[PDB]
Structures are given as C-alpha cells and as structure tokens.
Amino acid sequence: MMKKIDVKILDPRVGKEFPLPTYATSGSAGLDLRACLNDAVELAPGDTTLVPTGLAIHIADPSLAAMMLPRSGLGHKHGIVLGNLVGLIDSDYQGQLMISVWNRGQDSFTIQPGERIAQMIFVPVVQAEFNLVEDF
C-alpha cells in the first residue's frame, strides 16, 4: 500500500554522511530513522535527549498519520526507547522530525552520529465525529 509523502532535507549530511530512510524489504512495516548529531550523546540511565533527524515530512493526507516507535533490539536489549513512548506525527506537521530518546534501563548508552535510533510506521487514521448520547 504505497503513498507518496513529501520529504524535505534540513541538514546537508543527510543522504551523504548517512542515508535517507529506506524500507528493508517490500514487506517491512517500518522505516528506521537515524540520529543527525554533530557529536555522540551519552545517555545515562533515566536520561532523555532530543535527537534531530535532519528531515521533515509533510504527510498532507488527513486520513494518514505516522507513529514513531522504539527499535526492537535497542528497546529490549539496551533499554533505549522513546521518552514519549510513541510519537504521533499528524498530517499537517511540517517541522523537523525530532526523536525523544529515553534510557529506561540501567546501562549508559552512547548514541553515535548516524545511528538508527527509532522507527516510523504510516497508518490510516480516522477523525471521530462525536454523536452525543445520554445512554448507549
């Protein structure tokens, strides 16, 4: 299920120091996002840091959203997850994609420039039109 999504590159290292996000396979659900950093960031246990990506998207279609999730291995094996748990990207958001990275475990972890640190999925969304009732 393909959908064209506009992407703007904000930092000149993207596509060159490290690549633009790509699906691993035609059956992949997520896209890995990489840390756009001038220097590595050490995260102590319990620490949160805001990691730029150097990228912006504009989904535009109000029937689509993106969700940012932890990478599976980072989360399970290293306790490196998202500070907001799941990061919802609305169809009208056009700012830089920023990743809230939280060390939920007990071991310090250093995020290297270019390292894949999160993933993003695109899912259909619906807007509720509420119908007020006083009994179901």
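By rigid core we mean the largest C-alpha set that fits within 1.5 Å across both forms. The numbering used is simple: start at 1 and walk along the sequence shown.
Root-mean-square C-alpha deviation from the shown form, taken over all structures in 6 other deposited structures of this protein superposed by the rigid core, is larger for 14-22 than for the alternative among 14-22 and 117-125. According to the PDB record, 23-31 carries the higher mean C-alpha B-factor of the two stretches 86-94 and 23-31. Once the C-alpha B-factors are averaged per stretch, 34-42 and 77-85 rank with 34-42 first. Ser100: CA B factor in the lowest third of modelled residues in this chain (values from the PDB entry). Among the modelled residues of the chain, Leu64 sits in the lowest third by CA temperature factor in this PDB entry.
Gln106 sits in the highest third of its chain by CA B factor, as recorded in the PDB entry. Annotation for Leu10: C-alpha temperature factor in the middle third relative to the rest of the modelled chain, per the entry. When the modelled residues of the chain are ordered by their C-alpha B factor, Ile121 lands in the lowest third.
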